[PDB]
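In: In their complex positions, the first chains:
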Amino acid sequence: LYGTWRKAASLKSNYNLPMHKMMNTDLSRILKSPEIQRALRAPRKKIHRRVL
């Protein structure tokens, strides 16, 4: 009735399955992957508050 991404629907004539935007919707694995963290910047977690 709806078809897959390879073949269109048989019942509906000119209808195809909606397109998929982000192939991987898991941000955690993408941010923790070695390819991303290979060329990142230092964290620099210092606060540097106001000095009197």
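Out: Nice, I can see it. Numbers count the residues shown, from 1 in each chain, chains lettered A, B, ... in the order given.

In: Name the nearest residue to residue A:17, sequence neighbours excluded.
Out: Among residues not flanking residue A:17 along the chain, residue A:5 sits closest, at 5.4 Å (C-beta to C-beta, 6 or more residues apart in numbering). Bear in mind the C-beta positions are built from the backbone N, C-alpha and C, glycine included.

In: Wait, the one you found touches residue A:23, no?
Out: No: applying C-beta atoms under 8 Å as the test, residue A:5 and residue A:23 come out as separate, 11.8 Å apart.

In: higher neighbour count, these two?
Out: Using other C-beta atoms under 10 Å as the criterion, residue A:5 and residue A:23 rank with residue A:5 on top: 10 against 5.

In: Please enumerate the helices of chain A.
Out: A:27-32, A:34-37 (DSSP state H).

In: Adding mean neighbour count, write the ones you listed out as CSV.
Out: Converted to CSV, the helices of chain A look like this (neighbours: other C-beta atoms under 10 Å):
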stretch, mean neighbour count
helix A:27-32, 10
helix A:34-37, 8
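
In: closest to residue A:44 out of those helices?
Out: For the helices of chain A, proximity to residue A:44 was assessed by C-beta to C-beta; helix A:34-37 is nearest, at 15.1 Å.

In: Need the contact partners of that closest one.
Out: A:30, A:31 (C-beta atoms under 8 Å, 6 or more residues apart in numbering).

In: Just the CA trace of that helix, in CSV.
Out: Provided in CSV are the C-alpha atoms of helix A:34-37 (Å, rounded to 0.1, in the frame of the first residue of the first chain):
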residue,chain,number,x,y,z
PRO,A,34,37.0,8.8,16.6
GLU,A,35,36.7,10.6,13.2
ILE,A,36,35.0,13.6,14.8
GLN,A,37,37.2,13.8,17.9
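
In: gap between it and the chain center?
Out: 15 Å (C-alpha atoms, centre = their mean, to the nearest Å).

In: Then stretch A:31-40?
Out: 14 Å.

In: swap in stretch A:45-52?
Out: Distance, centroid of stretch A:45-52 to centroid of chain: 35 Å (C-alpha atoms, centre = their mean).

In: ditto for stretch A:17-36
Out: Here stretch A:17-36 is found 3 Å from its chain centre; the criterion is C-alpha atoms, centre = their mean.

In: Kindly check the end-to-end length of that stretch for me.
Out: 31 Å (C-alpha to C-alpha, to the nearest Å).

In: Ok, stretch A:12-21 next?
Out: End to end - C-alpha to C-alpha - stretch A:12-21 spans 23 Å.

In: Any chance you could list what contacts it?
Out: By C-beta under 8 Å, 6+ apart, stretch A:12-21 touches A:1, A:2, A:3, A:4, A:5, A:8, A:9.

In: here's chain B, add it to the model above:
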Amino acid sequence: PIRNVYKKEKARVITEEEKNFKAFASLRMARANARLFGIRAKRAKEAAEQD
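Out: So that you can see how it sits with the rest, here is chain B on the chains above:
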């Protein structure tokens, strides 16, 4: 129903004189003759009148 059918005329070899068979000048001459048909007839009539 009245579903439309169409003649195929799939493919054919181009003849020799087809390169110079028709042109835009052909349609232009056809339109000019259709516009000046009667005027030429009247001119021929008044010319044969003088003879």
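
In: once more on the contacts of helix A:34-37, this time with chain B?
Out: Outside helix A:34-37, the residues that touch it by C-beta atoms under 8 Å, 6 or more residues apart in numbering or on different chains are A:30, A:31.

In: What is the neighbour count of residue 39?
Out: Picking chain A for this. Per other C-beta atoms under 10 Å in any protein chain shown, the neighbour tally for residue A:39 reads 6.

In: I was thinking of chain B, sorry if that wasn't clear
Out: Based on other C-beta under 10 Å, the number of other residues close to residue B:39 is 9.

In: Check the one 4 residues further on too.
Out: The criterion is other C-beta under 10 Å. On that basis, residue B:43 has 11 neighbouring residues.

In: Quick check: which element contains it?
Out: Assigned by DSSP states H and E, residue B:43 falls within helix B:37-50.

In: And for that helix, what's in contact with it?
Out: So helix B:37-50 is in contact with no residue, going by C-beta under 8 Å, 6+ apart.

In: Only the C-alpha atoms, please, for that helix, written as PDB.
Out: Included here for helix B:37-50 are C-alpha records, laid out as PDB according to Å, rounded to 0.1, in the frame of the first residue of the first chain:
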ATOM      1  CA  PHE B  37      -4.300  35.700 -53.600                       C
ATOM      2  CA  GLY B  38      -7.200  37.900 -54.700                       C
ATOM      3  CA  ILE B  39      -5.100  41.000 -55.300                       C
ATOM      4  CA  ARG B  40      -3.000  39.100 -57.900                       C
ATOM      5  CA  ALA B  41      -6.200  37.900 -59.500                       C
ATOM      6  CA  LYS B  42      -7.500  41.400 -59.800                       C
ATOM      7  CA  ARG B  43      -4.200  42.600 -61.200                       C
ATOM      8  CA  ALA B  44      -4.200  39.800 -63.800                       C
ATOM      9  CA  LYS B  45      -7.800  40.800 -64.700                       C
ATOM     10  CA  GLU B  46      -7.000  44.500 -65.200                       C
ATOM     11  CA  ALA B  47      -3.900  43.500 -67.200                       C
ATOM     12  CA  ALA B  48      -5.800  41.300 -69.500                       C
ATOM     13  CA  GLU B  49      -8.400  44.100 -69.800                       C
ATOM     14  CA  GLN B  50      -5.800  46.300 -71.400                       C
END
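
In: Just the buried residues of that helix, please?
Out: In terms of neighbour count (16 or more other C-beta atoms under 10 Å in any protein chain shown), helix B:37-50 has no buried residues at all.

In: With stretch B:5-25 instead?
Out: For stretch B:5-25, it's none, nothing buried (16+ other C-beta under 10 Å).

In: Helix, strand or coil: sort out the spatially most central residue of chain B for me.
Out: Taking C-alpha atoms, centre = their mean as the criterion, residue B:30 is the residue nearest the geometric centre of chain B, at 4.8 Å. With DSSP: H, G, I helix; E, B strand; the rest coil as the basis, residue B:30 sits in helix.

In: onto the same structure, chain C please:
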Amino acid sequence: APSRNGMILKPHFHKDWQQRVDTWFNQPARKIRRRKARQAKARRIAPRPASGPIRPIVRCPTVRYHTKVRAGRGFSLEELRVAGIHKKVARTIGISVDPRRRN
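Out: Okay, chain C now, added to the rest:
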């Protein structure tokens, strides 16, 4: 009245139009009535098909649509004569006849 920039408008609302406004709130009811009428007619005439009278092959008059072909009203008397059946019997046979059309 006009503004900085905009298309000049000429709305045809100068007449007293609010007292004649046709709202299509009875459209589903009308469609249901038409469907029930079609079903009742088909059930009453069951041996005969819906839109019984056969319609001829009809070409469109104007040059804009003369490339396509469409249905028509009835077959011509000349076509009936070439077919060989009488004019008046075609109506009860189920053949719509158009005496005004020429060939």
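
In: once more on the neighbour count of residue A:39, this time with chain C?
Out: There are 6 residues near residue A:39, going by other C-beta under 10 Å.

In: And for residue C:17?
Out: 9.

In: returning to what we had before: show me what contacts the residue nearest to the centre of chain B?
Out: Contacts of residue B:30 (C-beta under 8 Å, 6+ apart): none.

In: Look up phi and psi at residue A:45.
Out: phi -90, psi 20 (degrees, to the nearest 10).

In: residues near it, how many?
Out: Residue A:45: 5 neighbours (other C-beta under 10 Å).

In: what's the answer for residue A:9, then?
Out: Residue A:9 has 14 neighbours, counted by other C-beta under 10 Å.

In: Likewise for residue A:14?
Out: 6.

In: Check the burial of whatever residue of chain C ends up closest to chain B by counting its neighbours.
Out: Minimum separation of chain C from chain B (C-beta to the nearest C-beta) falls at residue C:71, amounting to 4.7 Å. For residue C:71, the count of nearby residues is 12 (other C-beta under 10 Å).

In: Surely it touches residue B:4?
Out: No: using C-beta under 8 Å, residue C:71 makes no contact with residue B:4, being 11.7 Å away.

In: if we can go back for a sec, mind listing what the residue of chain C closest to chain B touches?
Out: Residue C:71 touches B:1, B:2, C:55, C:56, C:57, C:58, counting by C-beta under 8 Å, 6+ apart.

In: mind listing what the nearest residue to the last one once chain neighbours are set aside touches?
Out: Right, residue C:58. Closest residue in space to residue C:58, ignoring its immediate chain neighbours: residue C:72 at 3.3 Å, by C-beta to C-beta, 6 or more residues apart in numbering or on different chains. Applying C-beta under 8 Å, 6+ apart to residue C:72 gives the contacts C:55, C:56, C:57, C:58, C:98, C:101.

In: what's the helix or strand for the nearest residue to residue C:42 once chain neighbours are set aside?
Out: In space, and not counting its chain neighbours, residue C:42 is closest to residue C:50: 5.2 Å by C-beta to C-beta, 6+ apart. Assigned by DSSP H and E, residue C:50 belongs to no helix or strand.

In: List of residues touching stretch A:43-52?
Out: Contacts for stretch A:43-52 (C-beta under 8 Å, 6+ apart): none.

In: now what about the helix or strand containing residue C:82, what contacts it?
Out: Per DSSP H and E: residue C:82 is located in helix C:77-83. Contact with helix C:77-83 is made by C:56, C:75, C:86, C:87, C:90, C:95, C:97, C:99, C:102, C:103, as judged by C-beta under 8 Å, 6+ apart.

In: Apply 7 Å and report the result again.
Out: Residues from elsewhere that reach helix C:77-83 (C-beta atoms under 7 Å, 6 or more residues apart in numbering or on different chains): C:87, C:90, C:97, C:99, C:103.
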